[PDB]
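Undergrad: Take these chains first, placed just as they are in the complex:
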Amino acid sequence: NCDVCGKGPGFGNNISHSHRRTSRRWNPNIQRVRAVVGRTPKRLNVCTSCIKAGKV
Amino acid sequence: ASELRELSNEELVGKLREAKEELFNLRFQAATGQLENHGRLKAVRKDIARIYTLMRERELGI
(Lines give C-alpha, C1' and ligand atoms only; values in the text may rest on other atoms or scores of the structure.)
Protein backbone atom coordinates (compact mmCIF):
# COMPACT_ATOMS: atom_id res chain seq x y z
CA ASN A 1 0.00 0.00 0.00
CA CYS A 2 1.41 3.33 -1.14
CA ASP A 3 0.74 5.92 1.55
CA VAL A 4 0.47 8.66 -1.10
CA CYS A 5 -1.84 7.51 -3.90
CA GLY A 6 -3.53 4.59 -2.14
CA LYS A 7 -2.31 2.07 -4.72
CA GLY A 8 -3.06 -1.34 -3.25
CA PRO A 9 -2.17 -4.92 -4.15
CA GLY A 10 -4.03 -6.75 -6.89
CA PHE A 11 -5.25 -10.34 -6.84
CA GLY A 12 -5.40 -12.89 -9.60
CA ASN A 13 -4.51 -16.38 -10.77
CA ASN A 14 -1.17 -18.03 -11.47
CA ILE A 15 -1.63 -20.26 -14.53
CA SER A 16 0.47 -23.32 -15.33
CA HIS A 17 1.15 -25.01 -18.66
CA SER A 18 -1.57 -27.51 -17.72
CA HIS A 19 -3.79 -24.44 -17.19
CA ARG A 20 -4.30 -25.20 -13.50
CA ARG A 21 -5.25 -21.97 -11.74
CA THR A 22 -3.98 -21.00 -8.30
CA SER A 23 -4.21 -17.72 -6.41
CA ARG A 24 -1.32 -15.25 -6.41
CA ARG A 25 -0.94 -11.55 -5.70
CA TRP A 26 0.56 -8.55 -7.53
CA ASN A 27 2.11 -6.37 -4.85
CA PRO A 28 2.96 -2.81 -5.96
CA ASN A 29 6.57 -1.71 -6.14
CA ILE A 30 6.75 0.20 -2.84
CA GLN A 31 10.09 1.60 -1.68
CA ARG A 32 10.79 3.04 1.77
CA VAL A 33 11.87 6.66 1.30
CA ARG A 34 12.89 9.38 3.75
CA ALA A 35 10.90 12.51 2.91
CA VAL A 36 10.07 15.91 4.38
CA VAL A 37 6.34 16.51 4.87
CA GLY A 38 5.59 19.91 6.35
CA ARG A 39 9.27 20.57 7.16
CA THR A 40 9.39 17.46 9.42
CA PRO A 41 11.61 14.46 8.54
CA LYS A 42 9.63 11.25 8.13
CA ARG A 43 9.97 7.83 6.50
CA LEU A 44 7.26 6.73 4.08
CA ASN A 45 6.33 3.68 2.04
CA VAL A 46 5.95 5.09 -1.47
CA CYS A 47 5.48 3.46 -4.86
CA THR A 48 8.03 4.21 -7.55
CA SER A 49 5.29 5.77 -9.67
CA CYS A 50 4.93 8.53 -7.08
CA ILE A 51 8.72 8.84 -6.88
CA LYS A 52 8.96 9.14 -10.67
CA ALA A 53 6.15 11.71 -10.78
CA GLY A 54 7.91 13.82 -8.15
CA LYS A 55 5.07 13.55 -5.64
CA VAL A 56 7.67 13.18 -2.86
CA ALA B 1 -49.78 17.08 45.87
CA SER B 2 -51.31 20.51 45.32
CA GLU B 3 -51.16 21.11 49.07
CA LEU B 4 -47.41 20.43 48.92
CA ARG B 5 -46.72 22.91 46.13
CA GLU B 6 -47.55 25.82 48.45
CA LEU B 7 -44.75 24.92 50.88
CA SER B 8 -41.40 26.69 50.69
CA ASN B 9 -38.17 24.87 49.89
CA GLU B 10 -37.29 24.52 53.58
CA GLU B 11 -40.79 23.31 54.41
CA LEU B 12 -40.48 20.72 51.64
CA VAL B 13 -37.11 19.60 53.00
CA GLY B 14 -38.70 19.33 56.43
CA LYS B 15 -41.73 17.32 55.29
CA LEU B 16 -39.21 14.94 53.71
CA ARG B 17 -37.54 14.45 57.10
CA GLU B 18 -40.77 13.48 58.85
CA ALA B 19 -41.76 11.33 55.87
CA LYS B 20 -38.43 9.50 56.04
CA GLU B 21 -38.65 9.25 59.83
CA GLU B 22 -42.22 7.96 59.71
CA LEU B 23 -41.29 5.22 57.23
CA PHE B 24 -38.36 4.40 59.51
CA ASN B 25 -40.71 3.80 62.44
CA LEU B 26 -43.19 1.79 60.37
CA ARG B 27 -40.38 -0.47 59.16
CA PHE B 28 -39.28 -1.07 62.75
CA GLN B 29 -42.84 -1.72 63.92
CA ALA B 30 -43.43 -4.14 61.05
CA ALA B 31 -40.20 -6.01 61.82
CA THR B 32 -41.06 -6.31 65.52
CA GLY B 33 -44.61 -7.40 64.69
CA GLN B 34 -46.63 -4.46 66.03
CA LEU B 35 -47.76 -2.96 62.71
CA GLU B 36 -51.53 -2.97 62.19
CA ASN B 37 -52.19 -1.20 58.86
CA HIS B 38 -49.79 -2.64 56.30
CA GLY B 39 -51.08 -0.15 53.74
CA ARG B 40 -49.37 2.72 55.54
CA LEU B 41 -45.92 1.59 54.39
CA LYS B 42 -47.04 2.05 50.79
CA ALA B 43 -48.84 5.30 51.61
CA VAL B 44 -45.84 6.97 53.23
CA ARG B 45 -43.56 5.84 50.40
CA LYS B 46 -45.81 7.56 47.88
CA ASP B 47 -45.66 10.78 49.89
CA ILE B 48 -41.87 10.42 49.95
CA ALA B 49 -41.89 10.03 46.17
CA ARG B 50 -44.01 13.16 45.71
CA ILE B 51 -41.71 15.42 47.73
CA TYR B 52 -38.64 14.61 45.63
CA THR B 53 -40.68 15.18 42.48
CA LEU B 54 -41.74 18.68 43.55
CA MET B 55 -38.27 19.54 44.86
CA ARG B 56 -36.75 18.52 41.52
CA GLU B 57 -39.45 20.38 39.60
CA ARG B 58 -38.42 23.59 41.37
CA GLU B 59 -34.71 22.96 40.75
CA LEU B 60 -35.31 22.50 37.01
CA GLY B 61 -37.90 25.28 36.92
CA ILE B 62 -40.52 23.07 35.27
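TA: Nice, I can see it. Residues are numbered from 1 along each chain as shown, chains lettered A, B, ... in the order given.
Undergrad: which residues sit against stretch A:28-40?
TA: The contact list for stretch A:28-40, computed with Cβ atoms under 8 Å, 6 or more residues apart in numbering or on different chains, reads A:1-2, A:7-9, A:41-49, A:51, A:56. Any C-beta I mention is one placed from the backbone N, CA and C, and that applies to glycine too.
Undergrad: now with 6 Å?
TA: With contacts defined as Cβ atoms under 6 Å, 6 or more residues apart in numbering or on different chains, stretch A:28-40 is touched by A:2, A:7, A:43-48, A:56.
Undergrad: For it, buried residues please.
TA: Neighbour counts over stretch A:28-40 (16 or more other Cβ atoms under 10 Å in any protein chain shown) mark A:30, A:33 as buried.
Undergrad: Against residue B:58, how distant is the residue most central in space within chain A?
TA: With distances taken as Cα atoms, centre = their mean, residue A:28 lies nearest the centre of chain A, 3.0 Å away. Relative to residue B:58, residue A:28 is positioned 68 Å away (Cβ to Cβ, to the nearest Å).
Undergrad: Specify the local secondary structure of the residue of chain A positioned farthest from its centre.
TA: Most distant residue from the mean C-alpha position of chain A: residue A:18, 30.6 Å away (Cα atoms, centre = their mean). Of the three states, residue A:18 takes coil under DSSP: H, G, I helix; E, B strand; the rest coil.
Undergrad: here's chain C, drop it on:
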Amino acid sequence: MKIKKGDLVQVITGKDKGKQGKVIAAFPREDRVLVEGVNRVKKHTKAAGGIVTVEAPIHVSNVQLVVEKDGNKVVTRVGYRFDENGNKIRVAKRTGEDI
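TA: Alright, chain C goes in next:
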Protein backbone atom coordinates in the same frame (compact mmCIF):
# COMPACT_ATOMS: atom_id res chain seq x y z
CA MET C 1 -70.84 -2.17 31.23
CA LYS C 2 -74.26 -0.54 31.04
CA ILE C 3 -75.51 -2.44 34.10
CA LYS C 4 -74.49 -0.20 36.98
CA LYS C 5 -74.21 -1.38 40.57
CA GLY C 6 -77.48 -1.00 42.42
CA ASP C 7 -80.05 -1.23 39.63
CA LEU C 8 -83.31 -3.13 39.25
CA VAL C 9 -82.90 -5.85 36.61
CA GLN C 10 -84.81 -8.85 35.29
CA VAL C 11 -83.32 -12.24 34.44
CA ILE C 12 -84.39 -12.94 30.86
CA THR C 13 -82.57 -16.25 30.22
CA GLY C 14 -81.68 -18.60 33.05
CA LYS C 15 -82.95 -21.20 35.46
CA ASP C 16 -84.93 -18.41 37.15
CA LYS C 17 -86.73 -16.33 34.55
CA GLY C 18 -88.88 -13.39 35.59
CA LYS C 19 -87.31 -12.76 38.99
CA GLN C 20 -86.38 -9.14 39.50
CA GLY C 21 -83.72 -8.05 41.94
CA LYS C 22 -81.17 -5.45 42.91
CA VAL C 23 -77.57 -5.49 41.70
CA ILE C 24 -75.41 -6.43 44.68
CA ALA C 25 -71.96 -6.21 43.07
CA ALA C 26 -70.82 -5.93 39.46
CA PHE C 27 -67.65 -7.39 37.92
CA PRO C 28 -67.12 -5.25 34.80
CA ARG C 29 -64.00 -7.20 33.73
CA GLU C 30 -65.41 -10.74 33.47
CA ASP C 31 -68.85 -9.43 32.42
CA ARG C 32 -70.85 -10.86 35.31
CA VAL C 33 -73.12 -9.36 37.97
CA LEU C 34 -74.69 -10.44 41.26
CA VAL C 35 -78.48 -10.11 41.41
CA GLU C 36 -79.80 -10.86 44.87
CA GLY C 37 -82.09 -13.88 44.66
CA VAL C 38 -80.98 -15.75 41.54
CA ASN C 39 -78.51 -18.63 41.28
CA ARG C 40 -78.49 -19.08 45.06
CA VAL C 41 -75.99 -21.91 45.52
CA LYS C 42 -75.48 -24.09 48.60
CA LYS C 43 -71.78 -24.19 49.44
CA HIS C 44 -70.65 -27.12 51.61
CA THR C 45 -68.24 -25.37 53.98
CA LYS C 46 -66.65 -26.76 57.13
CA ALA C 47 -65.71 -25.02 60.37
CA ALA C 48 -70.03 -22.38 62.26
CA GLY C 49 -69.25 -24.69 59.35
CA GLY C 50 -72.20 -25.95 57.36
CA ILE C 51 -74.45 -25.43 54.38
CA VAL C 52 -74.39 -21.76 53.38
CA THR C 53 -76.73 -20.41 50.68
CA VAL C 54 -75.47 -17.35 48.77
CA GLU C 55 -76.01 -16.18 45.20
CA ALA C 56 -73.38 -16.70 42.46
CA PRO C 57 -72.80 -14.26 39.58
CA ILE C 58 -74.87 -14.45 36.41
CA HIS C 59 -73.77 -13.28 32.98
CA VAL C 60 -74.48 -9.63 32.27
CA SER C 61 -76.25 -10.47 29.01
CA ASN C 62 -78.72 -12.61 30.98
CA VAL C 63 -80.19 -9.60 32.82
CA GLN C 64 -81.71 -6.36 31.56
CA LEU C 65 -82.93 -3.18 33.21
CA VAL C 66 -86.50 -2.89 34.46
CA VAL C 67 -88.11 0.49 33.78
CA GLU C 68 -91.61 1.34 35.00
CA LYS C 69 -94.01 2.27 32.19
CA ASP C 70 -97.79 2.66 32.52
CA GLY C 71 -98.17 0.90 35.84
CA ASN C 72 -96.59 -2.54 35.59
CA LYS C 73 -92.90 -3.19 34.89
CA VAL C 74 -91.26 -3.63 31.50
CA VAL C 75 -87.75 -4.69 30.50
CA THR C 76 -85.86 -2.16 28.37
CA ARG C 77 -82.54 -1.65 26.62
CA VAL C 78 -80.40 1.37 27.48
CA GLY C 79 -78.98 4.12 25.30
CA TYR C 80 -77.17 7.37 26.02
CA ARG C 81 -77.71 11.07 25.40
CA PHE C 82 -75.83 14.27 26.19
CA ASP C 83 -77.82 16.91 28.07
CA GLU C 84 -75.88 20.10 27.41
CA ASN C 85 -72.35 19.68 28.84
CA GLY C 86 -71.40 16.44 27.08
CA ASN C 87 -72.65 14.28 29.97
CA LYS C 88 -73.94 10.85 29.02
CA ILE C 89 -77.04 9.89 30.99
CA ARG C 90 -78.54 6.41 30.89
CA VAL C 91 -81.68 6.78 28.77
CA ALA C 92 -84.25 4.01 28.55
CA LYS C 93 -85.28 3.00 25.04
CA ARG C 94 -88.53 1.12 25.68
CA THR C 95 -90.02 4.32 27.12
CA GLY C 96 -87.63 7.03 25.96
CA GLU C 97 -87.47 8.25 29.57
CA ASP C 98 -84.42 8.86 31.79
CA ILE C 99 -83.21 5.97 33.94
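Undergrad: try the contacts of stretch A:28-40 again now we have chain C.
TA: Contacts to stretch A:28-40, defined as Cβ under 6 Å, 6+ apart, come from residues A:2, A:7, A:43-48, A:56.
Undergrad: Kindly report the same for stretch B:30-49.
TA: If you take Cβ under 6 Å, 6+ apart as the criterion, stretch B:30-49 is touched by B:19, B:22-23, B:26, B:29.
Undergrad: Give the helix, strand or coil label for the residue nearest the centre of chain B.
TA: Centroid check for chain B by Cα atoms, centre = their mean gives residue B:48 as the closest residue, at 2.8 Å. Here residue B:48 is recorded as helix under three-state DSSP.
Undergrad: same question, residue B:62
TA: Classification of residue B:62 using three-state DSSP returns coil.
Undergrad: okay, now it: neighbour count?
TA: 8 (other Cβ atoms under 10 Å in any protein chain shown).
Undergrad: Show me where chain A has its helices.
TA: Under the criterion DSSP state H, helices of chain A are mapped to A:48-53.
Undergrad: ugh, wrong one, I meant chain C
TA: Going by DSSP H, chain C shows no helices.
Undergrad: re earlier: among the contacts of stretch B:30-49, which are in strands?
TA: Judged by DSSP state E, strands contain none of the contacts of stretch B:30-49.
Undergrad: add one more, call it chain D:
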Amino acid sequence: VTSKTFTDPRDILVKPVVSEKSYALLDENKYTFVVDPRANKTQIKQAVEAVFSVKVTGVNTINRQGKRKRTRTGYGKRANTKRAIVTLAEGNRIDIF
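TA: If we add chain D to the chains shown above, we get the following:
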Protein backbone atom coordinates in the same frame (compact mmCIF):
# COMPACT_ATOMS: atom_id res chain seq x y z
CA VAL D 1 -29.47 21.09 50.33
CA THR D 2 -31.02 19.77 47.13
CA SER D 3 -33.01 16.78 45.90
CA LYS D 4 -29.85 14.93 44.80
CA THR D 5 -27.41 15.72 47.64
CA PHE D 6 -29.89 14.66 50.33
CA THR D 7 -29.04 11.65 52.50
CA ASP D 8 -30.86 10.47 55.61
CA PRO D 9 -29.26 7.93 58.00
CA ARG D 10 -32.57 6.08 58.41
CA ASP D 11 -31.92 4.63 54.94
CA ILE D 12 -28.93 2.64 56.21
CA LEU D 13 -30.89 1.16 59.13
CA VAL D 14 -33.34 -1.08 57.29
CA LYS D 15 -34.95 -2.82 60.27
CA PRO D 16 -34.10 -4.59 63.54
CA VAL D 17 -33.56 -8.33 63.89
CA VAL D 18 -35.94 -10.19 66.20
CA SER D 19 -34.68 -13.63 67.24
CA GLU D 20 -33.54 -15.69 70.20
CA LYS D 21 -29.87 -14.88 69.57
CA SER D 22 -30.64 -11.18 69.14
CA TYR D 23 -32.69 -11.20 72.34
CA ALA D 24 -29.80 -12.88 74.15
CA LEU D 25 -27.51 -10.16 72.80
CA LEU D 26 -29.78 -7.37 74.07
CA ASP D 27 -28.81 -8.21 77.65
CA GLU D 28 -25.18 -7.42 76.75
CA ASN D 29 -26.23 -4.13 75.08
CA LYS D 30 -25.43 -5.46 71.59
CA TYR D 31 -28.15 -4.44 69.13
CA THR D 32 -28.54 -6.27 65.81
CA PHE D 33 -29.81 -4.42 62.73
CA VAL D 34 -30.28 -5.25 59.06
CA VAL D 35 -28.47 -2.57 57.08
CA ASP D 36 -28.11 -1.47 53.49
CA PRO D 37 -25.67 -3.97 51.92
CA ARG D 38 -23.58 -1.17 50.40
CA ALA D 39 -22.75 0.35 53.81
CA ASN D 40 -19.47 -0.18 55.67
CA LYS D 41 -18.79 -0.32 59.39
CA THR D 42 -17.97 3.38 59.43
CA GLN D 43 -21.32 4.33 57.88
CA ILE D 44 -23.15 2.03 60.29
CA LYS D 45 -21.45 3.70 63.26
CA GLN D 46 -22.26 7.21 62.01
CA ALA D 47 -25.83 6.24 61.13
CA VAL D 48 -26.55 4.77 64.56
CA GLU D 49 -24.93 7.70 66.35
CA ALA D 50 -26.98 10.25 64.40
CA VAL D 51 -30.29 8.37 64.52
CA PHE D 52 -30.23 7.42 68.21
CA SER D 53 -27.78 10.01 69.59
CA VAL D 54 -25.93 7.20 71.37
CA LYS D 55 -22.20 6.59 71.78
CA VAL D 56 -21.19 3.57 69.68
CA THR D 57 -18.18 1.56 70.87
CA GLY D 58 -17.82 -1.10 68.18
CA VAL D 59 -19.62 -2.46 65.14
CA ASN D 60 -19.47 -5.98 63.72
CA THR D 61 -20.97 -6.85 60.33
CA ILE D 62 -22.16 -10.27 59.14
CA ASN D 63 -22.72 -10.85 55.43
CA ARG D 64 -25.42 -13.49 54.99
CA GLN D 65 -26.11 -15.29 51.72
CA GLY D 66 -29.71 -15.58 50.60
CA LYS D 67 -31.31 -18.97 51.08
CA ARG D 68 -32.12 -20.89 47.90
CA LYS D 69 -35.74 -22.06 47.86
CA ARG D 70 -37.51 -24.69 45.78
CA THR D 71 -40.78 -23.88 44.02
CA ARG D 72 -43.27 -25.53 41.69
CA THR D 73 -41.40 -24.15 38.67
CA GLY D 74 -37.84 -24.41 39.98
CA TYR D 75 -35.38 -22.61 42.26
CA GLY D 76 -35.48 -19.06 43.58
CA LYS D 77 -33.08 -17.25 45.90
CA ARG D 78 -34.06 -14.88 48.67
CA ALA D 79 -32.33 -11.53 48.97
CA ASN D 80 -28.85 -11.41 50.44
CA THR D 81 -28.59 -9.36 53.62
CA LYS D 82 -25.98 -7.56 55.72
CA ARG D 83 -26.39 -7.61 59.50
CA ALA D 84 -24.64 -5.25 61.91
CA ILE D 85 -24.15 -5.87 65.63
CA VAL D 86 -23.70 -2.54 67.43
CA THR D 87 -22.07 -2.50 70.87
CA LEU D 88 -23.03 0.58 72.88
CA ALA D 89 -21.26 2.31 75.74
CA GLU D 90 -22.19 1.27 79.26
CA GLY D 91 -25.43 2.85 80.43
CA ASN D 92 -26.77 3.51 76.91
CA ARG D 93 -29.79 1.72 75.47
CA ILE D 94 -32.10 1.72 72.46
CA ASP D 95 -35.84 1.02 72.63
CA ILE D 96 -36.43 -0.93 69.43
CA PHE D 97 -39.88 -2.11 70.55
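Undergrad: mind redoing the contacts of stretch A:28-40 now chain D's in there?
TA: A:2, A:7, A:43-48, A:56.
Undergrad: Hmm, residue D:31 and residue D:85 touching each other?
TA: No: counting by Cβ atoms under 6 Å, residue D:85 sits too far from residue D:31 to count as a contact (7.3 Å).
Undergrad: More neighbours: the two, which one.
TA: Neighbours per residue (other Cβ under 10 Å) separate residue D:85 from residue D:31, with residue D:31 holding more: 22 against 18.
Undergrad: now the strands: where do they sit in the chain?
TA: By default, I'm working from chain A. A:10-15, A:21-26, A:30-37, A:40-47.
Undergrad: hm, I was asking about chain C
TA: Under the criterion DSSP E, strands of chain C are mapped to C:8-11, C:20-27, C:32-35, C:40-44, C:51-55, C:58-59, C:63-68, C:73-75, C:78-79, C:91-92.
Undergrad: next one: chain D
TA: Using DSSP E, strands in chain D cover D:13-16, D:30-35, D:56-64, D:68-70, D:75-77, D:81-88.
Undergrad: The fourth one - which strands sit beside it in the sheet, and in what orientation?
TA: Pointing back at strand D:68-70 there. Partners of strand D:68-70 in the sheet, by DSSP bridges, are strand D:75-77 (antiparallel).
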